[PDB]
Amino acid sequence: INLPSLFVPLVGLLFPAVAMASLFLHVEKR
Amino acid sequence: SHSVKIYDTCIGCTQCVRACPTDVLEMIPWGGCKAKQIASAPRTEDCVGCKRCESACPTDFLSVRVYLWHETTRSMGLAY
Amino acid sequence: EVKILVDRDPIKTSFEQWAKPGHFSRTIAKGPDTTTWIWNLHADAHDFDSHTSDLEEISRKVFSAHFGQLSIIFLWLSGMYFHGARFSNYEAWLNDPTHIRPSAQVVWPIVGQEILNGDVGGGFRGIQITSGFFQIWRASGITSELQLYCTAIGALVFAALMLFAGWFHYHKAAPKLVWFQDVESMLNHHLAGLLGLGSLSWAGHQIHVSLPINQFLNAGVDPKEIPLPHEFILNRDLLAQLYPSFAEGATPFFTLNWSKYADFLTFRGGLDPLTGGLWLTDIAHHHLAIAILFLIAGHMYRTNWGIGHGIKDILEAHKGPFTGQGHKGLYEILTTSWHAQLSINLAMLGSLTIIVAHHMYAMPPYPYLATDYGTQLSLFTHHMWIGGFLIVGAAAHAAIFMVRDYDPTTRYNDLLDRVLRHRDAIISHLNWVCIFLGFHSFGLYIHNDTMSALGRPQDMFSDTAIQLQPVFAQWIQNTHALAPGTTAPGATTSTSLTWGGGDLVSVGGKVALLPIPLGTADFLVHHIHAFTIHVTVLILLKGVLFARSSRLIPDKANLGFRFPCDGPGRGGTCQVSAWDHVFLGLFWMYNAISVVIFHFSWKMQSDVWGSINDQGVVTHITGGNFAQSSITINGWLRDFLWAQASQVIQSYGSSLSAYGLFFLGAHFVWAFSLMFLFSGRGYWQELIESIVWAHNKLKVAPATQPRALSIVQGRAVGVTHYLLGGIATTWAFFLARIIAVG
Amino acid sequence: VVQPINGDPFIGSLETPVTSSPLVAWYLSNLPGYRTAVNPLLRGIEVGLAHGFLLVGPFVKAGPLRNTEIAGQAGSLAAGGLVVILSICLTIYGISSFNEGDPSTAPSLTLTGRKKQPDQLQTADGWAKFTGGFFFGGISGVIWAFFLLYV
Amino acid sequence: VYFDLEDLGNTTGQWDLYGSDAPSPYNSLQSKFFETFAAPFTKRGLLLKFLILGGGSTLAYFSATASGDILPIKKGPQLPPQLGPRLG
Amino acid sequence: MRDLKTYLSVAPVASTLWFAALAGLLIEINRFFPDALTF
Amino acid sequence: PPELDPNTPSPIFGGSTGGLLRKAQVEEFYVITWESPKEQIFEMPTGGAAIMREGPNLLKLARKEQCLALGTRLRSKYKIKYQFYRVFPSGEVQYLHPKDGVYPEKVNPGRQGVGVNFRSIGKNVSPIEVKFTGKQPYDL
Amino acid sequence: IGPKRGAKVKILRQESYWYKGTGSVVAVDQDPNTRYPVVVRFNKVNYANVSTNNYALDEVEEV
Amino acid sequence: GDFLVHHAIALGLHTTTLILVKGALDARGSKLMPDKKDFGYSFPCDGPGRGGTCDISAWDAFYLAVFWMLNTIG
Ligand code: CLA
Ligand code: CLA
Ligand code: CLA
Ligand code: CLA
Ligand code: CLA
Ligand SMILES: CC1=C(/C=C/C(C)=C/C=C/C(C)=C/C=C/C=C(C)/C=C/C=C(C)/C=C/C2=C(C)CCCC2(C)C)C(C)(C)CCC1
Ligand SMILES: CC1=C(/C=C/C(C)=C/C=C/C(C)=C/C=C/C=C(C)/C=C/C=C(C)/C=C/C2=C(C)CCCC2(C)C)C(C)(C)CCC1
Ligand SMILES: CC1=C(C/C=C(\C)CCC[C@H](C)CCC[C@H](C)CCCC(C)C)C(=O)c2ccccc2C1=O
Ligand code: SF4
Ligand code: SF4
């Protein structure tokens, strides 16, 4: 539990948010 | 913009020019058919690609051909 | 000067045009070059607009076609009465309606099909009927097959008379246009004439035949020994012994002592507890009062004299600051466009049928109807579908009116123009409310399924958790239950036992009606109904408002009402036509009505229908499982579909096996429809080319060149098989289940 | 009653008692988002204040701990968490929409047609200061509701 | 006449609908508070670094120390587990 | 009469008469020789 | 020599939700003009009925296709002549139709062929023969 | 020039609905500027419901 | 029982390859669209003229065949 409680929110909340924000700026750039 | 092309089997009956809803096409003088005119596509940036013109064309194998291509706000027919 | 105006011998009666397929259409009449001809012949058969532009000649066609329809209905009723007379257990059913199953169809013994002749009681073998004709004939005091035989002959005569009139009013005496346009005379003659003299004359039968004969039936005397109906007319004392009001005759009527008739004209309400249906004395008093209202209402509009309004005056006088000129110009539109008339009539006739569904289940108007669970589940479902189809038809002819008949230069109307001037505000608003409805109805189910799956039933929208009580419906229920002693003093009991309160009525140990409880689950399924209906209106209303034009297609109206698209350009324009909106709205109408009838079936089996004990212990068919089960999709999958499908999938080897076969057959037709809806005619035309080649190789190609169905036909074929297979599946699922457990 | 928008019947809108009435036009021109000449930073502070304060309600009272004693604290953290994520949406919206030199893309005209200076909210820095006010305002507004409800 | 080549802004209706240029109606000292306290969050590049990393670390802390009284998934199974269908 | 005979020959009419006759024939073969699985 | 564009009056119209949107402020829009012999109701391409004025008539529209649709309806029903233009946000105007003063249906000297291939369609090369060139078979 | 009127010609234009079939010559345009001068009629319409088309002298073969 | 469903399976194999072979062999052109090769593998269609041409590309034949393959493996 000491690691799943770290990686599950990281890969399921932080990484997708950081990825979705990254891709939003690349696709919108000109 | 979509590509429109005319082939020399065209009999110059004008039906595509009348069908076009954005004035892409016009008749121009030609010596190749009895009607002595052929179609032409000088304004394909307004072409939306409805293909009303192909529906109008009488030639066995279309004399006017529309190749849908790069989309713009004109080809996509957007009013916004 | 409203008068009879007719033309003599307009169209010669001749078989000449029977020999000429497609004569009505100038294009079709030349004959087929391709197989596409075959289909357009049929698609255009009743499109009288495309045949002729003359409004007079169009009206004559719809007039005689109406006679054609009436002929068909009478012939249909002739067979219904004939089968009751010749192939039924109606005479045996009168002696034991609680047990004997109505049957009026018998199959011949061939290829093993006799098994469909089921042991239905009364020493009879046949198919159990759910049309409810037996409850009708009983309430009419019909007591023998002889009476049905005579009704069948009369229906057959009326069928011939109606057919004769159709030929007569088209080939011999065809009314002129201005005769059809006299809408004032027609409204007067339908209110007072059809509705008024129909309800009055039917009230007479209820008084002199239906009331007395049902009193003998309910007293217990054998139908073969009940006095024939004409004896209550020849001998008044027979009537007076049942209702002493007849002793004074027609005298208390004219002396305004109407309260003397209070023994056969009542205002009791509720249900006759020994028969399960509405009081036949309340019903007869209903048709009496209703007949009065229509006879006077048929005097509202002006004709050949002075009194009455011109309908144009009433329209031209209603207009506000937000609307401008208002209803001016509507009288010219509704007297020159048959589709505008048909759109309104389909809208209301459809809506009215859905009401008939509700009222006939909560106020069962026929004796021993409420306890024939199979007949009542059929009647409610049948009229829901009929109602929903007619409604979707209103949108089509509203859409057809906008393409063909709308003309702001000749027949302007500021109300119609004002809506066209903000159709983007209407459709976008309906779009958002649909998104709100969908999330806050279906999404709650998804919440529940996810909560229940995670082992968290405390977080569901449930009666035992987060409760969504339908306070307003609950309030209306409790109000009507207190109406008979308070706000409706003349009423003895409530208009319906459904009204949350009262008690219970049973017939033959089977529950007829009790108070229907409305809880959290009823809240959810009601917001599904509002969601599904809203999306149906969104699609259909959008189709009519942009039938002429849109930002995408500025000249759409020139493309007609029914056309596949305007090509792949503009990103793609498939299904912009109003006709395609009707195509999409049928699927959503199907969706909406399917869960409405599912809502009906589960509620009735769970909280209403069932068997009552000697002491009053009611055992419902599915034992109240609706409250905790119908709040998740898994509950409908498991506790409704999977559980109630038992009967139909184990019907093989018994008289219900034809439902087994139809269950599978309708699944097949439904899946078959997807071939049409998911593909496109280009694929099929190329396929046919390879097939045509093979025929040419053997010198067997037809001169009628085979073509793929048109784009629109593909869609029409698709939705038609989708609806037929879909609905037929529920049909076979409902009848097997309710006949086996009802 | 129902007029064409600003007298032009060919602009894609209408002027109705809902779009432009004396009370409607007053309340809408008084919201912090339509204060075109005031500081965008102070707009966002009032916006974040009002929203973060509103967000505490649904999270606490409907969350998975709504019926526990850990309710007020969790939905408040969930309320601030919703403000944090929204501030990223506001930020990336600005990074993508406005550049460090572009002028305001706001209307430079009025209802009567005179030239005013465009709302600098619609610029890179004007947006950066607006979303900065929302974040500060939204966090303190969550705390202010958390202060009044469970303290 | 709603067409003008010299004023393409009015021809297309580029009007501010409800934008009021009325001066700031706020407590002007509270402004000096809001202008100097909410100031470090007014750089979008730095704020994005802040919200991304601050939220990531905070989300990680709350989830790493979440007690069993809050999360059934950290509290764990309490009942004895039942066997498999084939004595599994 | 000749117009009627032409109509009676139209595809749908000739089809029902043909298939009606066919159905009657197959039904009567099945009434006279039912339950035939072999041959 | 293309026509001019002043500030003529527009038809009588109560307004609708079908008209110009932000694209007109920022990209382009279109204006069609025409001369009618009398006041009369006609249908707006964006929905509803309007009344055109006798003589000059200006109408702003969002798309070229809306212009041609209205104009096509002016020749057929009303037998009036029409022109239209593309207007940019810088005020720059661009004449569009009828291009050379003559409607494109009728042959007119001075027009040069655009997009004419002097072969039958079935003589286009196979895609492999124009692969890794930037051309399609219909471009040669 | 070209095949005579009422000549029975096989169609050799590949992209033609009547490719490898046969039709009847209606007329041959004698103007030597006409690229496709042979008018041919066929007994079955193509997908556009058209029953006649112009062909080149090299696209037509008497049979 | 094994007999019947094996012919169901042979039905699925034959029909799925029909879609796919017809798709491949007409990709270059058919009588309804003799220049199809000039339009590439996937294109929406060729418009409502010549009777209608929805789903005429080789890509659409693939798309249709997936339903039949899912049927067969089912
Ligand atoms: C190869 C694929 C793979 C898959 C599908 C999973 C799946 C999972 N892991 Mg796991 N893991 C993997 C490899 C993988 N692991 C490897 C190689 C390691 C050692 C470096 C770990 C170490 C690890 C830990 C320590 C934990 C998980 C956990 C989990 C679960 C939650 C997701 C998560 O936190 O990921 C964690 C992911 C990582 C730590 C990254 C390592 C995996 C590689 C480097 C990234 C893969 C990128 C991906 C394939 C992109 C492909 C798409 C691309 C074409 C665009 C989930 C069941 C958690 C768990 O058990 O939940 C209960 C948890 O606590 N994983
Ligand atoms: C909606 C009306 C309706 C329906 C659906 C039925 C249905 C049925 N009836 Mg019934 N019936 C009806 C009305 C109806 N009836 C009426 C009004 C009467 C009184 C006249 C009867 C009198 C009656 C009797 C006396 C019997 C039935 C029987 C039956 C059953 C078998 C019939 C059969 O196979 O015929 C055989 C099939 C045919 C005759 C069809 C022949 C096919 C030809 C070629 C079609 C001709 C098409 C032509 C172009 C158009 C002709 C139109 C012409 C009438 C002008 C079946 C369930 C039988 C039954 O229940 O047995 C147990 C039975 O004996 N019915
Ligand atoms: C034998 C008597 C007779 C004769 C010779 C004619 C002759 C004619 N009529 Mg007339 N007509 C008659 C009786 C007759 N009519 C009757 C009884 C009515 C009342 C309905 C009419 C109503 C009428 C109208 C309203 C019109 C005609 C028209 C015509 C002309 C062509 C009609 C045509 O193609 O018919 C062939 C048509 C059929 C055989 C269709 C069958 C008709 C019935 C009602 C169909 C019912 C089938 C039912 C739905 C079951 C099918 C469903 C199930 C199988 C799935 C022709 C001059 C038309 C005309 O002149 O316009 C140019 C026209 O518009 N007639
Ligand atoms: C009183 C009711 C009424 C009336 C008089 C009409 C009348 C008309 N409608 Mg309308 N309509 C109605 C109700 C009505 N409709 C309803 C309820 C709907 C919703 C479904 C529609 C939807 C609708 C559309 C979408 C269209 C029309 C069209 C038309 C016109 C042409 C009809 C025609 O030639 O069809 C000829 C009739 C047929 C070819 C019958 C086809 C067979 C049906 C679809 C299948 C029936 C299956 C059956 C119930 C089950 C048996 C299965 C068995 C055989 C195995 C005509 C004016 C068309 C038009 O263009 O108008 C100008 C058109 O496109 N209507
Ligand atoms: C089950 C299949 C299905 C579903 C879900 C939908 C869904 C929808 N259809 Mg649709 N449709 C379907 C089949 C379906 N259709 C079919 C078969 C047809 C052919 C006849 C059509 C034809 C059709 C038309 C013609 C119209 C619709 C419309 C609508 C919308 C109604 C508004 C609404 O409720 O939005 C709310 C959305 C839902 C209720 C869907 C479920 C939402 C879930 C439960 C919430 C998820 C939360 C969150 C996102 C979690 C995901 C996280 C993830 C990203 C990690 C909606 C998006 C109408 C529309 O657009 O109106 C606005 C409309 O006009 N449909
Ligand atoms: C079921 C059925 C049927 C049958 C039906 C019937 C049987 C009917 C009858 C009906 C009847 C049989 C009716 C009657 C009528 C009557 C009436 C409607 C009357 C009226 C009257 C009046 C209106 C009155 C008046 C008056 C007054 C007001 C005052 C005083 C004087 C006098 C009395 C004169 C048929 C076969 C068709 C079909 C199928 C089904
Ligand atoms: C809805 C519906 C239905 C039903 C129907 C019904 C049920 C109907 C009814 C109807 C009716 C039930 C009607 C009735 C009628 C009646 C009337 C219309 C009568 C009349 C009469 C008269 C004409 C009289 C005369 C007289 C005399 C005798 C004396 C005095 C004077 C006078 C003149 C008044 C059905 C199922 C089909 C299905 C579809 C839908
Ligand atoms: C399968 C189907 C094909 C082909 C199906 C068509 C050609 C239907 C064929 C109908 C009948 C069976 C043709 C033969 C009709 C004759 C009357 C048969 C005479 C033989 C006697 C037995 C009567 C297409 O036309 C297509 C249309 C556009 C969307 C997709 C669909 C669709 O998916
Ligand atoms: S339609 Fe075909 S033939 Fe007629 S002009 Fe245009 S291209 Fe030439
Ligand atoms: S796919 Fe069919 S409907 Fe859609 S645009 Fe192409 S042709 Fe028209």
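So that the names make sense, note that chain A is the first sequence line, chain B the second, and so on, each numbered from 1.
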- Query: Is C/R421 close to C/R418 at the side-chain level, that is, under 4.5 Å between some pair of heavy atoms?
  - Reply: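 Counting from C-beta outward, C/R418 and C/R421 do come under 4.5 Å.
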- Query: Is C/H429 atom NE2 crowded by more than 12 heavy atoms from other residues, nucleotides or ligands, each under 6.0 Å away?
  - Reply: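 Check fails, neighbour count at 12 or below.
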- Query: Does the side chain of F/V10 come within less than 4.5 Å of C/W18's, by heavy atoms?
  - Reply: no
- Message: Between C/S343 (side chain only) and C/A340 (backbone N and O only), is there a donor and an acceptor less than 3.5 Å apart?
- Response: no
- Message: Can you confirm whether I/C54 sits close enough to C/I711 that some side-chain heavy atom of one is under 4.5 Å from a side-chain heavy atom of the other?
- Response: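 Side-chain contact under 4.5 Å: yes.
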- Query: Does a donor on one side chain and an acceptor on the other come within less than 3.5 Å for C/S59 and C/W338?
  - Reply: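 Yes.
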- Task: Search all heavy atoms of G/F13 against all heavy atoms of G/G47 and return the closest pair with its distance.
- Result: CZ-O, 3.8 Å
- Is the closest basic N to carboxylate O distance between I/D46 and B/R65 below 4.0 Å?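 Yes, this pair counts.
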- Between H/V45 and C/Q705, which heavy-atom pair has the shortest distance, and what is it? O-NE2, 3.0 Å
- Item | Candidate pair C/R548 and C/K556, rule side-chain contact (heavy atoms from CB on, under 4.5 Å), full reasoning | CA-CA 5 Å; C/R548 295 197 62 77; C/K556 188 191 291 181; over 6 Å; no
- Task: Over all heavy atoms of both residues, which pair between C/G585 and C/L540 is shortest? Give the atoms and the distance, please.
- Result: CA-CD2, 4.2 Å
- Query: Between the side chains of C/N431 and C/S428, does any donor sit under 3.5 Å from an acceptor?
  - Reply: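 C/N431 vs C/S428: no donor-acceptor pair found between side chains.
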- Query: Looking only at side chains, do C/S679 and C/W684 share a donor and an acceptor under 3.5 Å apart?
  - Reply: yes
- Query: Does the side chain of C/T409 come under 3.5 Å of the side chain of C/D407 through a donor N or O and an acceptor N or O?
  - Reply: yes
- Query: Any side-chain heavy atom of C/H42 sitting closer than 4.5 Å to one from C/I38?
  - Reply: yes
- Query: Taking 4.0 angstrom as the limit, do C/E57 and C/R60 come out as a salt bridge?
  - Reply: no
- Could you tell me which non-hydrogen atom of G/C67 sits nearest to which non-hydrogen atom of G/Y30, and how far apart they are? SG-CB, 3.4 Å
- Using a strict cut-off of less than 4.0 Å between a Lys/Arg side-chain nitrogen and an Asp/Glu carboxylate oxygen, indicate whether C/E686 and I/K36 qualify as a salt bridge. yes
- Task: Would you indicate whether B/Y67, at its atom OH, is surrounded by more than 12 heavy atoms from other residues, nucleotides or ligands within a distance under 6.0 Å?
- Result: yes
- So, do C/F63 and C/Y170 have ring centers that fall under 6.0 Å from each other? no
- C/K61 and C/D49 ion-paired at < 4.0 Å: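 So C/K61 does not pair with C/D49 through a salt bridge.
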- Parallel under 30°, tilted from 30 to 60°, perpendicular over 60°: which one fits the rings of C/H397 and C/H339? parallel
- Task: Evaluate the criterion side chain to side chain donor-acceptor pair (under 3.5 Å) for residue pair C/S549 and C/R423; output intermediate values, then yes/no.
- Result: CA-CA 11 Å; C/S549 64; C/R423 53 188 180 184; 2.9 Å; yes
- Query: Should the pair C/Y590 and C/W385 be assigned to parallel (<30°), tilted (30 to 60°) or perpendicular (>60°) ring geometry?
  - Reply: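 It falls in the parallel class, under 30°.
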- For the residue pair G/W34 and G/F42, categorise the inter-ring angle as parallel (less than 30°), tilted (30 to 60°) or perpendicular (more than 60°).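 Plane angle over 60°, so perpendicular.
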- Does the side chain of C/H534 come within less than 4.5 Å of C/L430's, by heavy atoms?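 With C-beta onward as the side chain, the pair touches.
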- Query: How close do C/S337 and C/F401 get, heavy atom to heavy atom, and via which atoms?
  - Reply: OG-CD1, 3.5 Å
- Item | C/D54 backbone acceptor or donor facing C/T52 side chain under 3.5 Å |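 Looks like no, no N/O pair under 3.5 Å.
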- Message: Which residue in the set B/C20, B/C16, B/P21 passes side-chain contact (heavy atoms from CB on, under 4.5 Å) when paired with B/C53?
- Response: B/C16
- Before accepting this row, confirm whether a basic side-chain N of the pair B/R52/C/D555 lies closer than 4.0 Å to the acidic partner's carboxylate O. yes
- Query: Taking 4.0 angstrom as the limit, do C/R404 and C/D47 come out as a salt bridge?
  - Reply: yes
- Message: Can you give me the closest heavy-atom contact between G/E65 and B/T22, atom names plus distance?
- Response: CB-CG2, 3.7 Å
- Would you call B/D23 and B/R43 a salt bridge, taking side-chain N to carboxylate O under 4.0 Å as the test?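 Yes.
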- Task: If the plane angle is over 60° it's perpendicular, under 30° parallel, otherwise tilted; pick one for G/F84 and G/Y82.
- Result: parallel
- Item | cation_pi(I/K31, H/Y17) dist<6.0 Å, angle<=45 | yes
- Message: When you compare the side chain of G/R63 with that of B/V48, does any pair of heavy atoms fall below 4.5 Å?
- Response: yes
- Message: Working to the nearest 0.5 angstrom, can you tell me the gap between I/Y63 OH and I/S57 OG?
- Response: 11.0 Å
- Is the closest basic N to carboxylate O distance between G/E105 and G/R75 below 4.0 Å?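 Yes.
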- State, yes or no, whether a side-chain contact exists between G/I51 and G/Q40 at a heavy-atom distance under 4.5 Å.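 The answer is no, as the side chains (C-beta and beyond) never meet within the 4.5 Å cut-off.
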- Item | pair C/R411-C/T336: side-chain heavy atoms closer than 4.5 Å | yes
- Query: How long is the span from the NE2 atom in C/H721 to the CG atom in C/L723, to the nearest 0.5 Å?
  - Reply: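 One gets 11.0 Å once the value is rounded to the nearest 0.5 Å.
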- Message: Check this for me: does any side-chain nitrogen of one of C/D580 and C/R715 sit under 4.0 Å from a carboxylate oxygen of the other?
- Response: yes
